[PDB]
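Residues per chain, in single letters:
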Amino acid sequence: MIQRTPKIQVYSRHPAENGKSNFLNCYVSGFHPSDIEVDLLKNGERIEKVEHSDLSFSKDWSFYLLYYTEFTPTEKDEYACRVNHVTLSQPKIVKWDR
Amino acid sequence: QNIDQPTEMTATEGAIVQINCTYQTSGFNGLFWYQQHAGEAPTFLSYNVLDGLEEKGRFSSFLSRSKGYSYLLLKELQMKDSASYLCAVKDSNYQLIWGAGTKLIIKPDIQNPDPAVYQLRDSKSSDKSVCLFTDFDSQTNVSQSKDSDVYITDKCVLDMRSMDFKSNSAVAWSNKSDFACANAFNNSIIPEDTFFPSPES
Amino acid sequence: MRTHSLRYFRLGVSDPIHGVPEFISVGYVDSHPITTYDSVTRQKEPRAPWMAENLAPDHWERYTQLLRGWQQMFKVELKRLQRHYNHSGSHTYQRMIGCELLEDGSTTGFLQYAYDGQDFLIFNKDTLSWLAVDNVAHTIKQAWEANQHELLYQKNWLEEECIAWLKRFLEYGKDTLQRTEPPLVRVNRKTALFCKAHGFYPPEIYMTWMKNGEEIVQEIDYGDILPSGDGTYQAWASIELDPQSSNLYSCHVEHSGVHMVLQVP
Amino acid sequence: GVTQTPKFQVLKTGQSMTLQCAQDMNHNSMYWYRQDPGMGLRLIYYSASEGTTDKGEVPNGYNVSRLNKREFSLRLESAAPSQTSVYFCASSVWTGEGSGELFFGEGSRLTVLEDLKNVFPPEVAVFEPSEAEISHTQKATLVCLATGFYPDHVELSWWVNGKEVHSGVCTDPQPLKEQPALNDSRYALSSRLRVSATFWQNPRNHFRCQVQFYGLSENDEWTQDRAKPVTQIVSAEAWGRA
Ligand SMILES: O=C(O)CCNC(=O)c1cc(=O)[nH]c(=O)[nH]1
């Protein structure tokens, strides 16, 4: 039985400029089966007001999801996306690189 | 949404009949034909959903999606083909839309017509006198009574299987004193050669 | 019109965790979710405003009933598959059906099934046959191909009904689906050159790097087309700089019939 | 296949009735239709699966219950004249199969009346063959007349020497209205049985026409002077003639 581990991409909706309001995205895709847990992290801490799309279906039978939150980036604030899946021994954390 | 088929069709034993069904529906997921003998369950005959002709024994069914019409073709008609034929179309919501049905009447091939009007024997338990018009060819039509105290039934086809013999007949009856088999069927156009046996003394 | 597609997915899960629905079905026009249904809500609902705006409650009622029955059929099929695979535990069953209306007016149509996320049965609507990937699929293929009317029903749905629905939804969603938002494109360097595009709709876009007027696809890292969350998309492509020799690099972006070149000085 | 009951039922306006339907085909989906002259079948209610029902095109005045996987009953809470019809139960493997055909029950003829005052059983008489027919054709046609009944809820059969026969029989497909102008007209029905002259000329050959009439039951109120028109068999006989 083949299980597929999620690809995790973290990026801003618009090109990030410190001080200007934006949206932080975590796009989780190509995974199978469908159960997944996704958290966005600000300085290693879970953000509370996190939105996400309904589970979506790709023609290759894998699934994808978009998690996002409104934020204003600064120099000191470090952001990350934390994903757990049956294919992962421990939560995988991907930092926002800009 | 609308399905249309003719109310009735009449053809001769041994010939061919084409029963038409046109439909205007919102979407199309196939056309069904069912046969329904009088008093009996409809039974599935055919399903068409791509264009063309599909055969099944003596029955063929044709479909044209662009013209929105189908026909059911019956070859080598037999008396057992007498029945109503129902068309139905599944629309875009998978709802079956039913046409009103086509009643198919089959005229038997009467090989040795011997038209006659016979007087049956009175029943000691009934005040009725009974006349039988029988053995006429299927071109003859039997007309309803024009006297409200005279009852006349339509022609019926009977099959004596052991003799392989079919005959038409109709019955007229009345308790009126002036009723006579000689005049019972005067309102019908009956064969010129119809036999009227002399009444008893 | 650009190319457009309509597709419906089903997902069934044989032994779901407490929260998870055992059955989900979602429809899409292009990348846009248009309909949803699952075994928790047991209701079919719009996922796009211009679907709810243009289909009256009677439509959602009827399709809700259809989906309740398709859900039971899906469970019965999965139970059969897993019993024949002699598999224990939780396994998934998936279906996808749909059609495309291409720019030239030609059409395609497709129908296929997966088990545990891997192809299982693939319909060929031109030869009216099912392609089986293993001998469990092969048993199903034989049973399904013995019901010739249902194969014909599927071909008519793919070729005629699906295309009519797609054209109807395309009109409903015209202001969303038929619009164009051009890409904003820039080149930066992180030593690699990154060509970055954002703000664009539809998501289809082609980005590449040329080196002195020739394209070396082996040297190019292609980023995914990603949703930005506001209905537009972003993408990127990168090449690594030769530190010993300079070269004339240029990013090339094609989007919705407009081509763009960013020559790197 | 699909078994539904009753075959016939007369009802008074306001009475309640339950039609029963079973299928032994392990089908999931069951349906109730009505069939009325001059129009296509109209769906009343259906049941896509065990444990669900849903409305059809004309559900007003009716209710259903899917008892088990096999059974699906139709109930009329308050019978109305417009509910006079022939009801058909059907089933199919799955409602949601595109090409799936329906399997129908035999039909249930319901007649709903404002009062049972015009319900009559048939009088039944048998008429022996014309001797002129016998000498002209070497065949002999008996006639059975079932007259004055209402509603049209009858089944006529012929019995020869204690066995029911169908060969040589023709029974009118449609009853004759005895007063064609009236809406409540009583009906007549004719049937013929034709045998060879030799069979008719055997003096121990025995001929009987029987008419099962479907009428009132014990619970139906009766206030008329004439006899209560219950469900009953009425018959008449003839013996062969040497
Ligand atoms: O599949 C067919 O035979 C016909 C097309 N199917 C649908 O209309 C459909 C709607 C939906 O919401 N989900 C799904 O899977 N299918």
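- This entry lists X-ray crystallography as its structure determination method and reports a resolution of 1.96 Å.

- Per the PDB entry, chain D goes by the name Human TCR beta chain and belongs to Homo sapiens.
- The record lists its title as "Structure of human MAIT A-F7 TCR in complex with human MR1-DB28".

- Chain C carries the name Major histocompatibility complex class I-related gene protein in the PDB entry, which gives Homo sapiens as its organism.
- Here is the UniProt Sequence similarities comment for chain C, exactly as written: "Belongs to the MHC class I family."

1. Quick word on the site of the ligand
- Neighbouring the ligand are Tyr94(B), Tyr8(C), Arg10(C), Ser25(C), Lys44(C), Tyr63(C), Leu67(C), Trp70(C), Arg95(C), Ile97(C), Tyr153(C) and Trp157(C).
- The local environment of the ligand is shared, drawing residues from chains B and C.
- The side chain of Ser25(C) places a nitrogen or oxygen atom 2.8 Å from a nitrogen atom of the ligand.
- Taking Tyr153(C), its side chain carries an N or O atom lying 2.5 Å from an oxygen atom of the ligand.

2. Overview of the arrangement of the chains
- Once contacts are tallied for each of the four pairs of chains in contact, the highest total is for chains B and D.
- What separates chain A from chain B at the closest point of their C-alpha atoms is a distance of 24 Å, and the two make no contact.
- With no contact formed, the shortest span from any C-alpha in chain A to any C-alpha in chain D equals 23 Å.

3. With respect to the sheet that holds strand β7 (residues 63-65) of chain D
Residues and elements named next belong to chain D.
- The four strands are arranged β1-β3-β8-β7 in an open sheet whose pairing can be described as antiparallel. Each edge of the open sheet carries a strand with a single partner, namely β1 (2-5) and β7. Strand-to-strand twist across the sheet, computed as the mean angle between neighbouring axes with direction ignored, equals 20°.
- Here strand β3 (residues 17-23) runs beside strand β8 (residues 73-76); their pairing, made up of three bridges, is antiparallel. Each residue of the ladder has a partner; that of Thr18, found in β8, is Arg75.

4. Here's the deal with the state of the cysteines
Residues and elements named next belong to chain B.
- Under the criterion given, the structure shown has eight disulfides over all chains.
- Bridging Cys21 to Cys87, the disulfide has an S-S length of 2.0 Å. The sign of the -80° torsion about the S-S bond sets the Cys21-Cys87 disulfide as left-handed. Of the two residues, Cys21 sits in strand β3 (residues 17-24) while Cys87 sits in strand β9 (residues 83-90), which places them 66 residues apart along the sequence.
- By relative accessible area, which is 0% here, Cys87 ends up buried.

5. Overview of the UniProt feature "binding site: pyridoxal" in chain C
- Residues given the UniProt feature "binding site: pyridoxal" here are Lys44(C).
- Residue position: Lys44(C) is located in the loop between β3 (32-38) and β4 (45-46).

6. Details of the interface of chain B and chain D
- Taken together, the contacts link 49 residues of chain B with 48 residues of chain D.
- Sort the elements by how many residues they give to the side of chain B that touches chain D and strand β16 (residues 165-174) of chain B lands first, with six residues.
- Classifying every residue of the side of chain B that touches chain D gives 27 nonpolar, 12 polar and 10 charged.

7. Focus on unusual backbone geometry
- With an omega dihedral of 5°, the bond running from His32(A) to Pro33(A) counts as a cis peptide bond.
- With respect to the element layout, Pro33(A) can be found in the loop between β2 (22-31) and β3 (37-42).
- Note the cis peptide between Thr5(D) and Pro6(D), where omega equals -5°.
- Following the sequence through the fold, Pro6(D) ends up in the loop between β1 and β2 (8-12).
- Not every positive phi belongs to a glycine, and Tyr94(B) is a case in point at roughly 65°.
- Tracing the backbone through its elements, the reader meets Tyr94(B) in the loop between β9 and β10 (96-98).
- Overall, the relative accessible area of 12% leaves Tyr94(B) in the buried class.

8. Describing the pairing of strand β4 (residues 29-35) of chain D
Residue and element names in this part refer to chain D.
- Across the seven residues of β4, six count as buried, placing the element largely inside the fold.
- Across seven bridges, β4 lies against strand β9 (residues 85-92) in antiparallel orientation. Paired with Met30 across the strands is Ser91, a residue of β9.
- Where β4 and strand β5 (residues 42-47) come together, five bridges link them in antiparallel fashion. Each residue of the ladder has a partner; that of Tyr33, found in β5, is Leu43.
- Turn length for the β4-β5 hairpin, with the two strands adjacent in sequence and antiparallel, is six residues, and the turn residue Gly38 shows positive phi of about 75°.

9. Concerning the pairing of β5(D)
Residues and elements named next belong to chain D.
- Summarising burial for β5: five of the six residues are buried, a large majority.
- In this sheet, strand β6 (residues 54-55) lies alongside β5 in antiparallel orientation, the contact comprising two bridges. Bridging across to β6, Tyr46 finds its partner in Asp54.

10. Concerning the packing of aromatic side chains
- A complete count under the given rule lists 51 aromatic pairs over all chains for this structure.
- A ring pair is formed by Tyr34(B) and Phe104(D), whose centres lie 5.8 Å apart and whose planes are at 90°; its orientation type is edge-to-face. Of this pair, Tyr34(B) sits in strand β4 (residues 31-36) while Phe104(D) sits in strand β10 (residues 103-104), on two different chains.
- Overall, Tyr34(B) belongs to the buried group, its relative accessible area being 0%.

11. As for empty space enclosed by the protein
Residues and elements named next belong to chain B.
- In this structure, the second largest cavity encloses a volume near 40 Å³.
- The wall of the second largest cavity is formed by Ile110, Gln111, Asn112, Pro113, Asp114, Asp135, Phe165 and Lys166.
- Its residues assigned to classes, the lining of the second largest cavity comprises three nonpolar, two polar and three charged.

12. Observations concerning the domain arrangement of chain C
Residues and elements named next belong to chain C.
- Parsing chain C into structural domains produces domain 1 (1-179) and domain 2 (180-264).
- A separation of 35 Å is found between the C-alpha centroids of domain 1 and domain 2.
- Taken residue by residue, the interface counts seven residues in domain 1 and nine residues in domain 2.
- With both sides pooled, the region where domain 1 packs onto domain 2 buries about 550 Å², and carbon together with sulfur makes up 37% of that total.
- For the pair domain 1 and domain 2, the interface holds one salt bridge.
- A salt bridge links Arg179 to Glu181; the nearest nitrogen and oxygen atoms lie 2.7 Å apart.
- Tallied by class, the residues present in the side of domain 1 that touches domain 2 amount to one nonpolar, four polar and two charged.

13. Focus on the packing of helix α2 (residues 57-85) of chain C against helix α3 (residues 135-145) of chain C
All names here are of chain C.
- Taken N-terminus to C-terminus, the directions of α2 and α3 make an angle of 135°; their axes are 9 Å apart at the nearest point. Our classification of the angle between α2 and α3 gives oblique. With respect to the hand of their crossing, α2 and α3 are arranged in right-handed fashion. Contacts between α2 and α3 pair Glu77, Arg80, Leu81, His84 and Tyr85 from the former with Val136, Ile140 and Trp144 from the latter.

14. What about the domain arrangement of chain D?
Residues and elements named next belong to chain D.
- According to the domain assignment, chain D contains domain 1 (1-114) and domain 2 (115-242).
- Relative to domain 2, the C-alpha centre of domain 1 lies at a distance of 31 Å.
- Breaking the side of domain 1 that touches domain 2 down by element, the ones donating at least two residues are β2 and β11 (108-113).
- Take the side of domain 1 that touches domain 2: its biggest share by element is five residues, from β2.
- Partitioned by chemical class, the residues of the side of domain 1 that touches domain 2 number four nonpolar, three polar and four charged.

Rules used throughout
- Residues numbered from 1 in each chain as written, not as in the entry; some residues may be left out.
- Chains lettered and ligands numbered in written order.
- Heavy atoms only, no water.
- Residues with missing side-chain atoms left out of burial classes, pairs and counts.
- UniProt positions renumbered as here; feature names shortened; annotations may be inferred.
- Near = heavy atom within 4 Å.
- Polar contact = N/O pair within 3.5 Å; in protein donor to acceptor, adjacent residues only side chain to side chain.
- Contact = heavy atoms within 4.5 Å.
- Pairing = 2+ DSSP bridges.
- Helix = DSSP H or I, 4+ residues; strand = E, 2+ residues; numbered from the N terminus.
- Axes fitted to C-alpha atoms, helices over the stretch in contact; angles between N-to-C directions.
- Disulfide = S-S within 2.5 Å.
- Buried < 20%, exposed > 50% of the residue type's maximum accessible area, 1.4 Å probe, protein only.
- Nonpolar A, V, L, I, M, F, W, Y, C, P; charged D, E, K, R; others polar.
- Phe/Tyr/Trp six-rings, centres within 6.5 Å; stacked < 30°, edge-to-face > 60°.
- 1 Å grid on protein atoms, 1.4 Å probe; cavity = no way out; pocket = protein on both sides within 12 Å on 5 of 7 lines; lining within 4 Å.
- Points joined across faces, edges and corners; volume = space filled by probe spheres on them.
- Domains from an automatic or database assignment.
- Buried area = accessible area lost by both parts, 1.4 Å probe.
- Salt bridge = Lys/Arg side-chain N within 4 Å of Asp/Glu carboxyl O.
- Parallel < 35°, antiparallel > 145°, perpendicular 65-115°, else oblique.
- Left-handed = near helix turned anticlockwise from the far one by under 90°.

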